[PDB]
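Let me begin by presenting the structure, written as structure tokens, before commenting on it.
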Amino acid sequence: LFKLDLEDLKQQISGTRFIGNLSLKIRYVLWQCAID
Amino acid sequence: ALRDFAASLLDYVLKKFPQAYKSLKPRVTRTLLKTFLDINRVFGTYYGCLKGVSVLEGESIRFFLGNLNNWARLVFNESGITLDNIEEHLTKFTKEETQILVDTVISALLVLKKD
Numbered sequence: 152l153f154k155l156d157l158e159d160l161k162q163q164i165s166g167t168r169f170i171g172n173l174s175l176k177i178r179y180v181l182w183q184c185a186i187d
Numbered sequence: 345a346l347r348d349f350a351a352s353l354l355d356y357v358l359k360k361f362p363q364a365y366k367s368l369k370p371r372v373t374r375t376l377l378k379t380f381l382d383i384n385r386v387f388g389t390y391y392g393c394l395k396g397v398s399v400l401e402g403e404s405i406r407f408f409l410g411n412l413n414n415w416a417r418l419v420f421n422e423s424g425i426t427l428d429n430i431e432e433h434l443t444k445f446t447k448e449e450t451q452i453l454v455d456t457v458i459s460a461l462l463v464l465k466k467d
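These protein sequence lines map, in sequence, to chains K and E.
Numbers given in the authors' numbering equal positions in the first sequence, counted from 1, plus 151.
Mapping of the second sequence onto the authors' numbering: residues 345 to 434, 443 to 467, in sequence order.
Below you can see the structure in the form of structure tokens.
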């Protein structure tokens, strides 16, 4: 039954919008760690 | 008007309580850096974030120099553009609030080049 869950995972990670949001979140966590 | 008033009430409480420095300066700039660094927010939250950045000072504003390019490339969609058809190109916002964002992002950037 995990095939529909894998297709729902592929439905929510494909495209330009998700990887750029990840690039914003990792920049947030790097600057938040390096704030001091 | 409420964003511009509440942003100039945050700067009033960063100076009324200087004994709590290093306990509400990094907390508030961490709140603003956490709320600012995303795509799925409405325009007014970004405006309040940038005005709260504006009512800070010094190297902290420089601390948002690096992560502004990718923020613009995600929120304004310059996917290979050559800066020519910018008036009628863009996707989340309208033209007026994008002009407000480009105005307010250098309304705070003037503090880092005046010293």
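Here a beta-carbon is modelled for each residue, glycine too, at the ideal position from N, C-alpha and C.
What number of angstroms, rounded off, separates the C-alpha of residue i from the C-alpha of residue j?
{"i": "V397/E", "j": "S423/E", "result": "27 angstroms"}
{"i": "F387/E", "j": "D428/E", "result": "24 angstroms"}
{"i": "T450/E", "j": "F153/K", "result": "43 angstroms"}
{"i": "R385/E", "j": "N172/K", "result": "12 angstroms"}
{"i": "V457/E", "j": "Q363/E", "result": "30 angstroms"}
{"i": "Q162/K", "j": "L155/K", "result": "10 angstroms"}
{"i": "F349/E", "j": "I170/K", "result": "35 angstroms"}
{"i": "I430/E", "j": "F445/E", "result": "13 angstroms"}
Taking DSSP as the reference, what is the three-state secondary structure of residue i?
{"i": "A364/E", "result": "coil"}
{"i": "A345/E", "result": "coil"}
{"i": "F408/E", "result": "coil"}
{"i": "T373/E", "result": "helix"}
{"i": "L418/E", "result": "helix"}
{"i": "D159/K", "result": "helix"}
{"i": "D428/E", "result": "coil"}
{"i": "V463/E", "result": "helix"}
{"i": "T446/E", "result": "coil"}
{"i": "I383/E", "result": "coil"}
With burial defined as no fewer than 16 other Cβ atoms inside 10 Å of the residue's Cβ, what is the status of residue i: buried or exposed?
{"i": "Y390/E", "result": "buried"}
Indicate, with yes or no, if the ligand MG has a heavy atom lying under 7 angstroms from the CB of residue i.
{"i": "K444/E", "result": "Ligands displayed in this structure: none; no statement on the ligand MG is therefore possible."}
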